[PDB]
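Next comes entry_23.pdb, with PDB, C-alpha atoms and all ligand atoms.
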MODEL        1
ATOM      1  CA  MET A   1       0.000   0.000   0.000
ATOM      2  CA  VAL A   2       2.720   2.466   1.193
ATOM      3  CA  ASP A   3       5.574   0.637  -0.582
ATOM      4  CA  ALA A   4       6.409   3.037  -3.424
ATOM      5  CA  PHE A   5       7.017   5.781  -0.780
ATOM      6  CA  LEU A   6       9.707   3.748   0.986
ATOM      7  CA  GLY A   7      13.355   4.688   0.671
ATOM      8  CA  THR A   8      15.708   7.634   0.847
ATOM      9  CA  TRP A   9      14.668  10.904  -0.804
ATOM     10  CA  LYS A  10      16.592  14.127  -1.388
ATOM     11  CA  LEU A  11      15.098  17.624  -1.736
ATOM     12  CA  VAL A  12      15.386  18.871  -5.420
ATOM     13  CA  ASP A  13      12.786  21.734  -5.587
ATOM     14  CA  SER A  14      10.950  23.960  -3.071
ATOM     15  CA  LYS A  15       8.194  26.513  -3.552
ATOM     16  CA  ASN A  16       6.693  28.754  -0.852
ATOM     17  CA  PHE A  17       8.410  27.095   2.133
ATOM     18  CA  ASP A  18       9.093  30.521   3.641
ATOM     19  CA  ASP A  19       5.318  31.298   3.364
ATOM     20  CA  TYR A  20       4.525  28.044   5.157
ATOM     21  CA  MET A  21       7.099  28.552   7.928
ATOM     22  CA  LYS A  22       6.043  32.144   8.454
ATOM     23  CA  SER A  23       2.374  31.054   8.759
ATOM     24  CA  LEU A  24       3.460  28.659  11.532
ATOM     25  CA  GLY A  25       5.253  31.529  13.363
ATOM     26  CA  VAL A  26       8.809  30.349  12.647
ATOM     27  CA  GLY A  27      11.315  33.165  13.314
ATOM     28  CA  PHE A  28      13.215  34.893  10.537
ATOM     29  CA  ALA A  29      16.647  33.402  11.379
ATOM     30  CA  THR A  30      15.304  29.846  11.325
ATOM     31  CA  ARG A  31      13.380  30.500   8.074
ATOM     32  CA  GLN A  32      16.580  31.928   6.618
ATOM     33  CA  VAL A  33      18.696  28.740   7.361
ATOM     34  CA  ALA A  34      15.813  26.440   6.403
ATOM     35  CA  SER A  35      15.480  28.163   2.986
ATOM     36  CA  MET A  36      19.034  26.993   2.121
ATOM     37  CA  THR A  37      18.770  23.492   3.607
ATOM     38  CA  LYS A  38      18.133  20.359   1.493
ATOM     39  CA  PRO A  39      16.904  17.605   3.764
ATOM     40  CA  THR A  40      17.032  13.891   3.223
ATOM     41  CA  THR A  41      13.795  12.064   4.082
ATOM     42  CA  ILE A  42      13.991   8.337   4.845
ATOM     43  CA  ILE A  43      10.753   6.329   4.975
ATOM     44  CA  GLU A  44      11.046   2.745   6.304
ATOM     45  CA  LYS A  45       8.487   0.081   7.162
ATOM     46  CA  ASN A  46       8.591  -2.806   9.706
ATOM     47  CA  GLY A  47       5.239  -4.549   9.592
ATOM     48  CA  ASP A  48       2.522  -2.033  10.403
ATOM     49  CA  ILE A  49       5.011   0.555  11.748
ATOM     50  CA  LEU A  50       6.378   3.316   9.541
ATOM     51  CA  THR A  51       9.388   5.406  10.516
ATOM     52  CA  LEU A  52       9.967   8.749   8.781
ATOM     53  CA  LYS A  53      13.325  10.424   9.340
ATOM     54  CA  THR A  54      14.172  13.943   8.151
ATOM     55  CA  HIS A  55      17.881  14.715   8.223
ATOM     56  CA  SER A  56      19.728  17.933   7.468
ATOM     57  CA  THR A  57      22.590  20.177   8.431
ATOM     58  CA  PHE A  58      20.153  22.245  10.533
ATOM     59  CA  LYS A  59      17.377  20.175  12.155
ATOM     60  CA  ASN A  60      16.816  16.363  12.367
ATOM     61  CA  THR A  61      13.470  14.713  13.197
ATOM     62  CA  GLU A  62      12.144  11.171  13.428
ATOM     63  CA  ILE A  63       8.600   9.864  13.893
ATOM     64  CA  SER A  64       7.214   6.334  14.066
ATOM     65  CA  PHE A  65       3.536   5.572  13.589
ATOM     66  CA  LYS A  66       0.923   3.090  12.393
ATOM     67  CA  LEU A  67      -1.299   4.284   9.594
ATOM     68  CA  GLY A  68      -4.629   5.431  10.938
ATOM     69  CA  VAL A  69      -3.568   5.578  14.604
ATOM     70  CA  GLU A  70      -3.041   8.946  16.301
ATOM     71  CA  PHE A  71       0.398   9.691  17.767
ATOM     72  CA  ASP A  72       2.005  12.490  19.666
ATOM     73  CA  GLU A  73       4.637  14.468  17.693
ATOM     74  CA  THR A  74       7.026  17.329  18.446
ATOM     75  CA  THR A  75       7.768  19.054  15.157
ATOM     76  CA  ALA A  76      11.036  20.540  13.860
ATOM     77  CA  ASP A  77       9.749  23.981  14.942
ATOM     78  CA  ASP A  78       8.848  22.642  18.424
ATOM     79  CA  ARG A  79       5.064  22.410  18.108
ATOM     80  CA  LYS A  80       3.538  19.653  20.265
ATOM     81  CA  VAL A  81       0.844  18.211  18.034
ATOM     82  CA  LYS A  82      -1.595  15.314  17.707
ATOM     83  CA  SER A  83      -0.865  13.551  14.422
ATOM     84  CA  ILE A  84      -2.339  10.904  12.184
ATOM     85  CA  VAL A  85      -1.059   9.558   8.865
ATOM     86  CA  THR A  86      -3.255   7.679   6.385
ATOM     87  CA  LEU A  87      -3.396   6.720   2.734
ATOM     88  CA  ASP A  88      -5.991   8.668   0.784
ATOM     89  CA  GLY A  89      -6.217   8.405  -2.995
ATOM     90  CA  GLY A  90      -2.787   6.783  -2.983
ATOM     91  CA  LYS A  91      -1.316   9.811  -1.173
ATOM     92  CA  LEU A  92       0.287   9.661   2.240
ATOM     93  CA  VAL A  93      -1.677  12.325   4.248
ATOM     94  CA  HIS A  94      -0.202  13.525   7.570
ATOM     95  CA  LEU A  95      -2.545  15.762   9.611
ATOM     96  CA  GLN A  96      -1.216  17.666  12.673
ATOM     97  CA  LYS A  97      -3.569  19.294  15.222
ATOM     98  CA  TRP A  98      -2.642  21.671  18.057
ATOM     99  CA  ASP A  99      -4.339  24.616  19.797
ATOM    100  CA  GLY A 100      -7.327  24.159  17.428
ATOM    101  CA  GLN A 101      -4.981  24.705  14.440
ATOM    102  CA  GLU A 102      -4.291  22.183  11.709
ATOM    103  CA  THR A 103      -1.662  21.611   9.063
ATOM    104  CA  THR A 104      -1.473  18.909   6.418
ATOM    105  CA  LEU A 105       1.642  17.345   4.894
ATOM    106  CA  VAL A 106       0.548  15.398   1.792
ATOM    107  CA  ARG A 107       2.972  13.174  -0.133
ATOM    108  CA  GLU A 108       2.141  11.991  -3.684
ATOM    109  CA  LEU A 109       4.344  10.163  -6.287
ATOM    110  CA  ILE A 110       4.395  11.831  -9.717
ATOM    111  CA  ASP A 111       6.683  10.393 -12.405
ATOM    112  CA  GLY A 112       8.830   8.734  -9.713
ATOM    113  CA  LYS A 113       9.310  11.967  -7.724
ATOM    114  CA  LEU A 114       7.929  12.478  -4.193
ATOM    115  CA  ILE A 115       5.847  15.727  -4.054
ATOM    116  CA  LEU A 116       5.213  17.030  -0.543
ATOM    117  CA  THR A 117       2.465  19.656  -0.248
ATOM    118  CA  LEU A 118       2.407  21.570   3.074
ATOM    119  CA  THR A 119      -0.720  23.630   3.888
ATOM    120  CA  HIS A 120      -1.286  25.877   6.925
ATOM    121  CA  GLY A 121      -3.662  28.812   6.917
ATOM    122  CA  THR A 122      -3.677  30.018   3.332
ATOM    123  CA  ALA A 123      -0.013  29.064   2.734
ATOM    124  CA  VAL A 124       0.626  26.200   0.318
ATOM    125  CA  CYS A 125       4.126  24.881  -0.255
ATOM    126  CA  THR A 126       5.263  22.318  -2.691
ATOM    127  CA  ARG A 127       8.556  20.498  -2.202
ATOM    128  CA  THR A 128       9.922  17.890  -4.529
ATOM    129  CA  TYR A 129      12.118  14.976  -3.476
ATOM    130  CA  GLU A 130      14.029  12.453  -5.799
ATOM    131  CA  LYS A 131      14.976   9.023  -4.729
ATOM    132  CA  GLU A 132      18.411   8.025  -3.785
ATOM    133  CA  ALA A 133      19.642   4.626  -5.015
TER     134      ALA A 133
HETATM  135  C1  LIG B 201      10.923  17.915   9.527
HETATM  136  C2  LIG B 201      11.857  18.890   8.857
HETATM  137  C3  LIG B 201      12.928  19.165   9.880
HETATM  138  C4  LIG B 201      14.210  18.410   9.691
HETATM  139  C5  LIG B 201      14.926  19.180   8.589
HETATM  140  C6  LIG B 201      14.243  20.511   8.446
HETATM  141  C7  LIG B 201      14.767  21.455   7.436
HETATM  142  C8  LIG B 201      13.843  22.675   7.359
HETATM  143  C9  LIG B 201      12.314  22.520   7.516
HETATM  144  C10 LIG B 201      11.551  21.819   8.647
HETATM  145  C11 LIG B 201      12.229  22.094  10.019
HETATM  146  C12 LIG B 201      13.313  23.135  10.307
HETATM  147  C13 LIG B 201      12.876  24.572  10.200
HETATM  148  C14 LIG B 201      11.608  24.881  10.948
HETATM  149  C15 LIG B 201      10.408  24.703  10.010
HETATM  150  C16 LIG B 201       9.776  23.348  10.195
HETATM  151  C17 LIG B 201       8.336  23.268   9.709
HETATM  152  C18 LIG B 201       7.712  21.843   9.741
HETATM  153  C19 LIG B 201       8.374  20.698   9.033
HETATM  154  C20 LIG B 201       8.642  20.900   7.543
HETATM  155  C21 LIG B 201       9.281  19.722   6.878
HETATM  156  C22 LIG B 201       9.657  19.956   5.442
HETATM  157  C23 LIG B 201      10.198  18.776   4.676
HETATM  158  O1  LIG B 201      10.030  17.631   5.178
HETATM  159  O2  LIG B 201      10.726  18.997   3.534
ENDMDL
END
Have the structure of the file written as structure tokens, please.
Amino acid sequence: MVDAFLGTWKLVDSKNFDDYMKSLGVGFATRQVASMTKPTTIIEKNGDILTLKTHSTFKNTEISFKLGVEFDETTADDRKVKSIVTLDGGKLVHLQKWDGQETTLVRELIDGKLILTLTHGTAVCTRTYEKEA
């Protein structure tokens, strides 16, 4: 179900990430470093448990979850959120909730590339990842 998402992915295009970070209240200095960072995202599976690592020269994160089961998460920008990840239309949809706010992180495969769409408020960011061998 999730199997074409699995592997190591490198950031190759970003659009509107500053908009997205600013909407979340990320400070200018962090937005500045993040705008020049190219993370590696690693998505692994062990049975029903997915682990999603995001590695960079600035911030690292790691989450583990079962699809369709809520989990606590502390994001790269230090939000403490209630999260759930599911497959929807073949897309991996990650919803974060905190303080009555929501953001979605939607991953879809298009021509072998991993497109991550990040929405908060009115801000919509599109970031493109290519697989590493
Ligand atoms: C989960 C990403 C964090 C690990 C590497 C981060 C590189 C820059 C963006 C994300 C975190 C650091 C800067 C603060 C903004 C974080 C906003 C939420 C997470 C965005 C993840 C973006 C991505 O996975 O490409």
Q: Could you list the residues chosen by the PyMOL selection byres (((not hetatm)) within 6 of (chain B and resi 201)) in this structure as a ChimeraX atom specification?
A: /A:21,30,34,37,39,54-56,59-61,76-77
Export of prior selection with C-alpha atoms as a compact mmCIF listing (two decimals), keeping the file's coordinate frame:
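Full text of selection03.txt as output:
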# COMPACT_ATOMS: atom_id res chain seq x y z
CA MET A 21 7.10 28.55 7.93
CA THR A 30 15.30 29.85 11.32
CA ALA A 34 15.81 26.44 6.40
CA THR A 37 18.77 23.49 3.61
CA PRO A 39 16.90 17.60 3.76
CA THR A 54 14.17 13.94 8.15
CA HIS A 55 17.88 14.72 8.22
CA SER A 56 19.73 17.93 7.47
CA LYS A 59 17.38 20.18 12.16
CA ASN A 60 16.82 16.36 12.37
CA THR A 61 13.47 14.71 13.20
CA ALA A 76 11.04 20.54 13.86
CA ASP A 77 9.75 23.98 14.94
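The interatomic distance for the pair CA of residue 97 (chain A) and CA of residue 41 (chain A) works out to 21.9 Å.
Running the PyMOL selection byres (((chain A and resi 95) around 10) and not hetatm) on this file leaves residues 70, 81, 82, 83, 84, 85, 86, 92, 93, 94, 96, 97, 102, 103, 104, 105, 106 and 119 of chain A selected.
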Q: Pick out the closest residue to residue 120 (chain A) from this set: A:98, A:28, A:71, A:65. Count all atoms listed in the file.
A: A:98
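Taking all atoms listed in the file into account, residue 12 (chain A) lies nearest to A:113 out of the set A:113, A:53, A:107, A:66.
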**Q.** Residues matched by the PyMOL selection byres (((chain A and resi 114) around 6) and not hetatm) as a VMD selection string
**A.** chain A and resid 108 to 109 113 115 128 to 129
